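Notes to accompany the following structure.
What follows draws every value from the coordinates through simple rules; no lab data is involved. Cβ coordinates were reconstructed from backbone atoms using ideal geometry, including for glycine residues, and neighbour counts include every protein chain displayed.
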Amino acid sequence: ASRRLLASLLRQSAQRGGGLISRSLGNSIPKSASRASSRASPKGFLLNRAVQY
């Protein structure tokens with residue numbers, strides 16, 4: 001559950017075109033995914049990269 005996880009996070013967001021994280025968890029990416037918690041751990045890593053880019 002490290003690095004290789006980001007894969008499933010992408011491969012999963014890819015099969016969906018690019019949703020369920022694009023705006024969802026991205027609704028509060030600046031708030032540190034404050035609008036998540038429940039599932040911001042697996043999406044976090046992918047949510048952190050969104051800010052990285």
*Sort through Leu20, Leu47, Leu10, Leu5 and tell me the only one that's in contact (Cβ under 8 Å) with a residue 40 or more places away in the chain and either surrounded by 13 or more Cβ atoms within 10 Å (Cβ to Cβ) or assigned to a loop (DSSP other than H, G, I, E, B) (or both).*
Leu5
*Tell me which residues, restricted to the range 23-41, are in a helix (DSSP H, G or I) and either in contact with a helix residue (DSSP H, G or I) (Cβ under 6 Å, 6 or more places away or on another chain) or aromatic (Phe, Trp, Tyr) (or both).*
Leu25
